[PDB]
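So the structure is just underneath, and the comments pick up after that.
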Amino acid sequence: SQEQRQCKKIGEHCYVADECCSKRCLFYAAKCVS
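Structural data, given as structure tokens:
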């Protein structure tokens, strides 16, 4: 199958890493960063 689900990609808002589907969130950046 092929499912397309995204929580928060690069450039999104998030308070923690868990909040970001990519797990690239930072307390300073507050946004998913590569």
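Each residue of the sequence shown is one higher than the one before, counting from 1 in the authors' numbering. No residue lacks a Cβ here, since even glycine has one placed at the ideal position from N, Cα and C.
{"query": "Pairwise C-alpha distance: residue 29 and residue 8", "result": "13 Å"}
{"query": "Same chain, Cβ closer than 8 Å to residue 24, neighbours up to 5 away in sequence not counted", "result": "10, 17, 32, 33 and 34"}
{"query": "Rounded straight-line distance, which links the Cα of residue 2 to that of residue 19", "result": "23 Å"}
{"query": "Cβ-Cβ distance between residue 6 and residue 21 below 7 Å", "result": "yes"}
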